[PDB]
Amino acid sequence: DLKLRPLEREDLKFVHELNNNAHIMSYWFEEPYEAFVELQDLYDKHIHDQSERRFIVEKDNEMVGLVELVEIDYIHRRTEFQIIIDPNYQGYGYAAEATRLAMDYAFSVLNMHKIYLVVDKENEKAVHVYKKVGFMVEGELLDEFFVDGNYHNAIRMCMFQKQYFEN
């Protein structure tokens, strides 16, 4: 069955391969990086930084994706969620299960009150998967991302602890 495990430094190569194929502008603890050694230096720099928690999503000891809890705020008890899945594993529905795992970790382990995520308004699939797992649309950010030649809006969706526990 699908599993989460803490992200190890030895896994960074895999992570890089991910961020290579999906996009070109990747960040680590909100600092931008392009090359693998950049990613390694940021990892070493933020080794004990508790503002972000990252998990490898595994299927029978096989690395199939990455879950990221970023901008963790332990006073307002909220965190932003980001998920990436290897395109060699699309169709198995792993996105929803990994999102559910991350929801369980954030609400049941981290004792968070709110989870939120931001998707491009073109990616209607992402909006449907996230509505599937229980997210509600919270806002529409105007020209939030300059994507390949022009500005794109984004959908911010959110979900809360007590709503999650009762499902």
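From 1 onward, residues are counted along the sequence shown.
In this entry, 53 to 61 shows the higher mean Cα temperature factor of the pair 53 to 61 and 108 to 116. Looking at mean Cα B-factors across 90 to 98 and 71 to 79, the upper value is held by 90 to 98.
Of the candidates 140, 34, 41, 30, the PDB record gives 34 the highest C-alpha temperature factor. Ranked by C-alpha B-factor against the other modelled residues of its chain, residue 48 falls in the middle third.
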